[PDB]
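Protein sequence lines correspond, in order, to chains A and A'. A prime marks a further copy of an entry chain.
The letter at position 36 of the first sequence is residue 36 when you use PDB author numbering, and the numbering goes up by one with no holes.
The letter at position 193 of the second sequence is residue 193 when you use PDB author numbering, and the numbering goes up by one with no holes.
Note that the Cβ used here is the ideal one computed from N, Cα and C, for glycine as well.
These notes concern the structure reproduced below.
Number of protein chains: 2
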Amino acid sequence: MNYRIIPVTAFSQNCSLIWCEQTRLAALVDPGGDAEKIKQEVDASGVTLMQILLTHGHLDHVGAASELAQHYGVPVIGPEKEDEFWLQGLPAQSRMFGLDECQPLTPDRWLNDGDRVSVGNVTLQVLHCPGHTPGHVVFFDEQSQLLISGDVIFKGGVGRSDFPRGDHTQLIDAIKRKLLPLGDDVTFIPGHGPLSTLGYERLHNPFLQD
Amino acid sequence: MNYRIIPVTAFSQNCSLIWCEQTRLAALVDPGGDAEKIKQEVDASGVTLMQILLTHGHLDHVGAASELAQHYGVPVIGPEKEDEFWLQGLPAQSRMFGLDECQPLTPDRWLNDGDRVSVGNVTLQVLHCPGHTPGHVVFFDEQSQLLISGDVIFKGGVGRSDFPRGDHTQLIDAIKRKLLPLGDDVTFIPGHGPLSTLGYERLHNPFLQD
Ligand SMILES: [Zn+2]
Ligand SMILES: [Zn+2]
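In structure tokens form, the structure reads like this:
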């Protein structure tokens with residue numbers, strides 16, 4: 001799987017344009033804002049966008065999803081249904097940061113643990129990883145050993161759990177039981193900061209010790 | 001000032017019907033839900049409802065405000081503007097607890113620190129007390145030494161500050177600098193649990209020591 005990271009919004013979130021090398025069929029993961037910047041990269045890359053994927057219901061991951069879905073004529077898929085309250089609360093999310101109103105978002109379909117999403121010949125496995133948000137999912141490409149994981153895990157950190165319905169014990173358990181077993185060699189693209197691997201975090205991440 | 005407490009919603013919130021004894025002009029503070037229960041008490045009390053007052057933007061304090069405002073033909077007044085994001089997020093608030101959708105609420109006017117609200121011959125002084133929510137206000141009747149204070153202070157407790165834009169240092173400072181100086185003899189009607197006085201909390205509330 002090929003990809004391009006597109007930093008979007010004032011929160012500087014790692015939106016991912018991902019695509020199959022043979023078919024050039026593509027997906028956007030977490031198009032958080034800066035819809036024009038995203039469109040410019042998508043259009044200049046020459047790929048065929050087929051879908052928008054959402055890891056979780058937070059503003060900096062979903063702000064441009066509705067505009068891009070309409071622009072390209074593609075579905076918005078994900079996250080898990082427990083984040084519906086966050087997506088319904090997008091106006092409140094944006095108003096809290098003094099930003100322009102982000103409209104409520106209803107995805108074409110929710111995702112569940114164990115779902116398959118096809119990006120041309122790339123098969124993404126969906127893993128439900130709650131703790132940061134109760135509906136947070138991640139996308140795993142087994143063939144390229146690549147994880148697109150939103151705000152579950154960072155290089156030397158983990159997602160905040162002090163939000164409504166956040167749960168630290170739940171988040172750490174999800175990382176250890178669902179992510180780490182995918183293998184040390186797995187690279188992850190987090191929502192913020194630099195990329196890292198699961199192996200490096202297993203042994204160096206201060207939140208994953210004990 | 002006369003009053004009647006009307007426990008509403010599954011959160012068992014202390015909605016207040018308050019009124020002037022001479023004129024029988026009345027106000028509702030925090031009509032949180034159970035709109036029929038509220039209407040039954042208001043109508044049976046014989047008072048003339050003139051206004052709805054809001055201490056803060058949380059679901060269990062505002063759920064029935066819009067229906068009652070329309071039913072009686074009265075304004076919704078308060079809280080302070082910083083809670084606009086909470087009122088915009090009412091659908092998200094209710095969806096989070098698996099309840100029926102509560103619509104976004106736009107009050108007739110926001111309140112500010114130092115505002116006067118007239119309930120017949122009762123003059124309420126408005127105090128801005130952030131920390132639980134950034135737009136939280138309280139209503140003080142100096143003549144009857146009575147405070148209607150929402151979720152700022154409880155008997156032996158204080159409002160949670162772990163919500164988005166919550167701030168514990170700010171909440172405690174607001175209590176100590178804006179509430180306690182009103183006098184030890186002041187009775188308060190909190191959003192939850194039994195009534196108490198400012199004097200008792202000053203000396204016994206574990207959150208107010210030091
Ligand atoms: Zn993020
Ligand atoms: Zn309350």
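A Cβ-Cβ contact shorter than 9 Å links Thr133 of chain A' with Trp86 of chain A'. Of all residues in the stretch 130-158 of chain A', none places a beta-carbon less than 8 Å from a beta-carbon of chain A. Beta-bridge pairing by DSSP links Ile148 of chain A to A:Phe139 and A:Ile189.
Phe11 of chain A' has its CB nearer than 8 Å to a heavy atom of ligand 2.
For the 9 Å CB-CB criterion, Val137 of chain A' and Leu105 of chain A' do not form a contact.
DSSP places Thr48 of chain A' in the uninterrupted beta strand (DSSP E) bounded by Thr48 to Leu53.
Judged by the Cβ position, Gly33 of chain A' fails to qualify as a neighbour of ligand 2 at the 8 Å threshold, every heavy atom of the ligand being at least this far. In this structure, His136 of chain A has its beta carbon at no less than 8 Å from each heavy atom of ligand 1. From the beta-carbon of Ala65 of chain A, no residue of chain A' is found nearer than 9 Å; the closest lies around 17 Å away. Excluding the 5 residues flanking it on each side, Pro7 of chain A' has same chain C-beta neighbours closer than 8 Å at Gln13, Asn14 and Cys15, in chain order. Contact between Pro206 of chain A' and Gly156 of chain A' holds, with the beta-carbon distance rounding to 7 Å and staying under 8 Å. Contact annotation for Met96 of chain A against chain A': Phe85, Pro164 and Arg165 [CB-CB distance below 7 Å, chain order]. Between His128 of chain A and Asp113 of chain A, the alpha-carbon positions lie close to 5 Å from each other. Around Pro91 of chain A', the beta-carbon contacts reaching into chain A at under 9 Å are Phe85, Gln88, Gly89, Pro91, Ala92 and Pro104. Fully enclosed alpha helix (DSSP H) runs of no fewer than 4 residues occupy 65-72, 84-88 and 90-96 of the stretch 60-127 of chain A', in order along the chain. Distance between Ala64 of chain A' and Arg177 of chain A', taken at the CA atoms: about 32 Å. Taking a C-beta distance under 9 Å as the contact criterion, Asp167 of chain A' and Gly135 of chain A' do not qualify as a contact pair.
Within 10 angstroms of the beta-carbon of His204 of chain A' lie fewer than 16 other beta-carbons, which makes it exposed. Taking a C-beta distance under 9 Å as the contact criterion, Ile148 of chain A' and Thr55 of chain A' qualify as a contact pair. Boundaries of the beta strand (DSSP E) harbouring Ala27 of chain A': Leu25 to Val29, taken from the DSSP string. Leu203 of chain A': member of the alpha helix (DSSP H) spanning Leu198 to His204, first to last residue. Residue pairing by DSSP places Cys15 of chain A opposite A:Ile6 in a beta bridge. By the neighbour-count criterion, in which a residue is buried when 16 or more other Cβ atoms sit within 10 angstroms of its Cβ, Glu101 of chain A is exposed.
Cβ neighbours of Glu201 of chain A within its own chain (closer than 7 Å, five residues either side excluded): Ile153 and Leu208. 9 Å or more divides the Cβ of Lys39 of chain A' from the Cβ of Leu59 of chain A'. A Cβ-Cβ separation of about 7 Å places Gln143 of chain A in contact with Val122 of chain A under the 8 Å criterion. Distance between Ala27 of chain A and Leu179 of chain A, taken at the CA atoms: about 22 Å.
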